Every structure is written in structure tokens, then in C-alpha cells.
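Coming up is one lone chain in C-alpha cells, specifically the form deposited in one PDB entry.
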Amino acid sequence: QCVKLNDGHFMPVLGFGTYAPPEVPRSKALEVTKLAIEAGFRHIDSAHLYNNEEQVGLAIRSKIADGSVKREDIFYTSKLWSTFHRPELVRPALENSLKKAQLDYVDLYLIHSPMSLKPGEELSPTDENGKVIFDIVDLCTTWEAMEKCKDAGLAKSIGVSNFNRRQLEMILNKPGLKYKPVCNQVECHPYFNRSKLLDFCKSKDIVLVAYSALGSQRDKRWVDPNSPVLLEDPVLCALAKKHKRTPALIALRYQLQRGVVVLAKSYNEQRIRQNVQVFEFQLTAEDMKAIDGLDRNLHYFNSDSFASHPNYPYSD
């Protein structure tokens, strides 16, 4: 099923995550995105950062060309990268995304992060200490340029990602605001459930979309390998046995029952098909309370590389 966004458009509540690290061959994104659509995913999440929009777009268009779906059945997301926050670069950046995917529009365009970076060749310009070279950009001006992309029909809906409550309030309080963010895509899982940010988002009819809902890919660039493995959690395992599902399915269903839209990345055929089974069962109030009890303020993304950024959303 879908949730109705605050601009009247509809978003499927289960989304497929397409990010894989650069060591994974680019051709895999094509294969697995087709498999996801074939399994029943209709919401597909990409970004300029992922260097896979050519492949993800081809997977979508291939499933259109092969008769499986129409463009109107797919909900396709991309994101403005942080080197393009200056308002004059927003539309060009979006047009690159459209060119790569060979699509006329995205269903959703997000500001990927509030942590603006120096414009240039690199995705991630850093100094000699490894910290990313920041840019100072009024994100309200960035947002105005996002609104023009919606008016031009290049993005059906616009929203944000990795914003905390205050950063979000800055947008909502902007003089002359035309379109509220339809969503805030943020790290969200039983060890970092974001319930306060969720309550705030609910109060403004903004959808919280969860990433790393399965514990993240635990990439050594950003994630401490000593951090607890979400999917090995004894409570999630006990609930999996109770319901004859898996820890992953429990973690996904938890988000759906909280009114959270949830992403799920898998590049494995069997797990991709497993993940759509989230619609086949329910958790009880007691199950949900047990999962709510797991919250431990654990953001997996935890690196020096962004912890010193002025717009770093977390308070550590």
C-alpha cells in the first residue's frame, strides 16, 4: 500500500534501496533493481551520490519495455548531492539525474543532506585531516530552487533527508514557503527509532522515511564494526520465531506500524523476495512495545569525516 503525501501525490510505504559500495560492479544495480520490481517493489530509492542512476533508470525502463509496469506504477526517488546546494546548481543537478536515468521526471527529489560541500569536481572534497570541506549555504535558498523544480514538472514531489527537527523547522518557517517537504528521509531503526522527530513530522503531515532500517551495510568508511548488529538482536530474533518470519521482516514491519515509510536494500535475490512479505503479517501492541524498548541512540553513520560539519544533524 501507499501513503498520501501533503502535496496530494502517493508514495508506496515499502521502498527498495539501491546503494551499494563502489567495489560492487555497476551492472549489479541493474540486475537487482529489475529483481526488486519483479518481486513487487514499486518505490525505488537512488541518488547522484550512488553513481548508479544509469543502471537504476535502465532497470525501471526495462520493466516498462518488457510490459511488467508502466511509468505511473513506479515511484522513483533521487537526491541532490551536497556539492550542488547553491540554488543556481539545483536544477542542473536534477537535469543530470534525469539524463542518466533517461526519465522525464522523478517522483521525489530530496536534499540528500544539510551538510553543504565545496562545489567542484569531487563528490567529497576533504582537507588534509580527512574532514569534508564544507560550504556555507542558506538551505532556504536551496529549498526555493527545489520548489521551482516541482513547478517545472521535473520532480512530482520534493523533500529532505538527514535533517533534524530544527533544520526542518527552518524550512517550514521560511517566509513565502510554497511547498512543505513531503518527507524527511533519516536513519531509523529499533536502535535509533527517532520517535520525537517522528512525532514532530506526524504533527506537520511530513512522512518519515527510514534508511538503515535493517542495521545499515556496516561500511568501514562510516560504521564502527564493534557496534551491535541489529539483525542479531535477541528481541528481534524472539519476535521472528513467534511470528515465523525473520529479524529483518520484524524490523521492517515495526516501521510500517509506526506510520514510517521504510527502505530496504538487498542485492541478494532470495532476500529481495523475502522483504516484500512485510505485508503478510502484523505485530501486536506488546510486540511493538518490546521493539520500542530497544532504542539506544545508536546512529551507525558515525565518522570524523562529517561529525565536525557545522550542519551535522546529531548531538553527540
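The numbering used is simple: start at 1 and walk along the sequence shown. Shifts are known only where both forms have a C-alpha. In this text, rigid core is short for the largest set of C-alphas that superpose within 1.5 Å between two forms.
What comes next is about the form deposited in another entry, which does not appear here.
Only one candidate in 126, 102, 173, 195 has its Cα displaced by 2 Å or more between this form and the one not shown after core superposition: 126. Superposed on the core, the two forms barely differ at residue 24: its CA moves less than 2 Å between this form and the one not shown. Annotation: Cα of residue 304 displaced by at least 2 Å between this form and the one not shown, core superposition. Three angstroms is the minimum change: in that other deposited form, the CA atoms of residue 226 and residue 127 sit farther apart than in this structure, by 3 Å or more.
The pair residue 303 and residue 164 is tighter in that other deposited form: their Cα-Cα distance falls by no less than 3 Å compared with this form. Considering only residues present in both forms and aligning them on the rigid core, one finds runs of three or more residues with C-alpha shifts of 2 angstroms or more between this form and the one not shown at 126-132, 303-310.
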